[PDB]
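Structure in structure tokens, see below.
Labels for the chains are A, B, C, D, E, F and G, by order of writing; each one numbers its residues from 1.
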């Protein structure tokens, strides 16, 4: 009886003025909603399926049961049809139920099995929720989570590569754990793709978050921050002074093994790091980051080979095997060749004499390549300044203090 | 002379002092100039003891004629300037001073004058703008005489 | 005693005299400008929280 | 050139068609193409995404990954051995030859930069071709070959104004 | 104070001369990169302080 | 605008001289205007003087100049962005924050 | 006499070259003003909001 009236009240606001009453209509909905909504969805796509379908589908996912009998797949396709060509315009005001729908779809796909297609659909929703230079919407975390479970990081990169400003809230629709999850999962995505620069950046941004209580997302991101900093840099990168007090008070002594790992890493001894990795092996496997510690061991060997460039020019492979502790010139030749290929060292191999010749001269800074590099880096600084000009202008327009 | 060359505009001032004990009027437009740190203290101490005259230039009827006719051949010298290496020591000297200005502007933000960073930014802007203008003339020369071929 | 400006190449048995002098004064000024800009940008970012 | 377009098309087919799980020949193409671009981080995560059902039903896919294990370990002779082991015409075979050629170019470019003097047998194993063929090719190219010691000595190999105006326009305002 | 490289093959100690230009360019470019990362970090810090994004205690 | 005006006038003068010599060449080649072995010979000698400096040492030096100004421009833009960041944070700490 | 055209072929190649450079400046100079005035105008809008 009432469900037959609401649709008529949606058409009244269609192509008119304000839609705040429609937001109140989605806010109330009907509480004890019936199956009839599916029938109401048959005759609903009059203009562009409208915001009514969002309330219908959000309630369909809010059910905590079914959610549309064993034929839930039809509902999934309906959700697809709502995101793909349907989209919308006044999603900005209906962000609460939209992000809620995406969170419920994500949680349902996580609780079920393979969430591969869910990524493909989610990226469209994100594309229609954000403005132009992209905003940190809650759905950004869900996407990452999905692509972290269904091992496919490749299509999630364009949303991760952008250093987006301003978190999209609008009528609440945001929680701190979604921010923490986006930067932690994103950090794991960049770690999985061996892009340690952005990975370290993402973990650092996940730690900096203001906190009164300690969360497991912050602990795991801190552990992985130490590991990635030991891989990428020769030591642990200093976290900013504005990091939460709980990090230095609770997170630091909880992940003691990692600071113990960095303490053994600083002595430049591989056998001792090997002994420490074997000592807390159960703790590293418990956190599910065993592999990154092996990369820390390999990066310590790399660091020890890198330290030879500062003192030697032409060094014997046997001398390198003795100094770095590799056993045999064969492993030294392997390590040097891998390091040249990966662009980690600037050296050459002489097999006849069994020597390694360090050059250490990548560039002389006369190429146009540097001209284009500097032009691109300057354009990045100009972009940053123009963004800062926009933020400063926006603040100047606002009331005084 | 250094700023004349680097800016491509004559940097000259004409001044007259006030007698000992005499106080200046409200007038003092004071057109902004970057003053290096090793000179700014002395500048500030004595800046109100003199005033600047309004400078203008003149030439004769013959100078006018001769300078137009000189241009008919002097144009060659404008396309063979090489300003970037003529007074290269100036930009380096300014950068050397700019770094200490930036050290002072950092010290201002440290604990606790009126915005030294903005002054230093205008100084670095001016120096860089002059350097880019030098490169502009060099690129113009490259476009005119090198990118031709057979 | 700094009376002779140069160095000795004991292997090839020669005296490699100090001559290679270019505009090194710019790069030292740009070096100090870089250092001061590093410390400054750290101190500017330190303001917000 | 055209392989990148087929990769993007396969990357679209990876999510558009399923259904939950994508097509096995597309999985084979995507895996071999992920090996072609040397993106081992994409290939390793693609192989682990494959369900055990297609892993058991299509053994040829396992035969494609057996090349990837060698690429991951950087064992060049093993890469050239694993390439010439399986046949999957029209689908995987036309791109495996492109992988073989790309691995040859990658190995040649690596030896030319990383080595001053290298043993002829090691170099032949690095490029996959036999000792005689390799030595013939490098002598024709211009590398210094030496017998007895069997050493090969490799030889190591507005547009502008508008940008400047934008830089000054930035600084001056 | 020794600014040299050891050539252990021929047993000769060669003195190292720092390339002024390349070192200045290298450290300046790396400083620019570190500056950009600090700028992105504070951009996000401004965004979280604006939107009041923080972990609640209970 | 005021810095490249002297170059614009110099280039305009050069372009006039180049056009006058080119028109003399075409007039001689087409006919009617008297042929001269000596003048066109010097115009041939002038043509062969282009391009001025195509050596690798000059390319290294030109790009050395360009990279020096380029690096300096990058450090200058960094200083200006450092100042813009300082303005923004100084205002943000007043409006969005209570110091 | 026959290959004389080649001289003109390079002279015109220089002329066109000048004609590009000249126009380039004309455009760049115009842009340098187009930005300036715009920025001034924008500043005058920001400065007009100070009264509110």
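Annotations for the structure displayed:
FYI, a residue touches a chain if its C-beta (ideal position, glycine included) is under 8 Å from a C-beta of that chain, and two chains touch if they have at least 3 such contacts.
With chains reduced to the mean position of their C-alpha atoms, the one farthest from chain A is B. The chain closest to the protein's centre is E, with centres computed as averages of CA atoms. In this assembly, the C-alpha centroid of chain B lies 28 Å from the C-alpha centroid of chain C. Work out the mean CA point of chain B and of chain E, and you get 34 Å between them. Rounded to a whole number, the gap between the C-alpha centres of chain C and chain D is 43 angstrom.
With touch defined as above, residues shared between interfaces to two or more other chains in chain B number as follows: 91, 95, 102, 109, 117, 125, 128, 132-133, 135-136, 139-140, 144, 147-149.
Contacts with at least two other chains are made by residues 10, 14, 18, 21, 24-25, 28, 32 of chain G. Counting partners per residue, chain E has 21, 24-25, 28-29, 31-32, 35, 39, 41-42, 45-46, 49-50 as the residues that reach two or more other chains.
The part of chain B that touches chain D in the complex is made up of residues 125, 128-129, 132-133, 135-136, 139-140. Remark: chain F residues 60, 63-64, 66-67, 70-71, 73-74, 77-78, 80-81, 84-85, 87-88, 91-92, 94-96 touch chain A in the complex.
Residue ranges on chain E touching chain C, taken from their complex, read 12, 15, 20-21, 23-24, 27-28, 31, 34-35, 38-39, 41-42, 45-46, 49.
Chain contact summary for the complex, chain A toward chain D: residues 113-114, 116-117, 119-120, 150-155, 192-194, 337-338, 340-341, 348-353, 357, 375, 378, 382, 385. In the complex of the two chains, the chain B residues touching chain G come out as 140, 143-144, 147-150.
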